[PDB]
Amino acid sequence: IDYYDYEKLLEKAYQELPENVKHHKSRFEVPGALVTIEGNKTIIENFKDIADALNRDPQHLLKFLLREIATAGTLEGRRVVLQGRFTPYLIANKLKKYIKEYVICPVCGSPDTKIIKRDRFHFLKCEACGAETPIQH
């Protein structure tokens, strides 16, 4: 896709745009990644804001991360220490996925999904529609 076709560049410029902001149902309070790569460690110190904006757990995210990523981090007073170097966009890209498979309802889009546990099986889900997607993915 040539740089001179702004139009195609624009749709491709919205599809990377997060859910909460991208489409119709907009949880909209998700403030973006704040990353600080100190020495040889990455630290997203806006973490609590992300999790508390997504109304998901703090450690339920640290995990989804160290999974999609291969580093080790610990949580603390609303920040997070990652063991390697990670550009804000690498992390910005994973949080985007989390919201997609752990914070939104794929039947009726809704930031109102919530994590449920009905068998040793994690099925988490929508308080608005009632769909109970099996999410461990």
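Start at 1 and count along the sequence shown; that's the residue number.
Legend: mean Cα B-factor per stretch from the PDB entry, 38-46 versus 87-95; the higher mean is in 38-46. Comparing 3-11 with 128-136, the higher mean C-alpha B-factor in the PDB entry belongs to 128-136.
Among the modelled residues of the chain, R27 sits in the highest third by CA temperature factor in this PDB entry. In this PDB entry, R78 carries a Cα temperature factor that places it within the highest third of its chain's modelled residues.
Annotation for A33: C-alpha temperature factor in the middle third relative to the rest of the modelled chain, per the entry.
In the PDB entry, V103 places in the lowest third of its chain by CA B-factor.
Among all modelled residues in its chain, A53 ranks in the lowest third by Cα B-factor.
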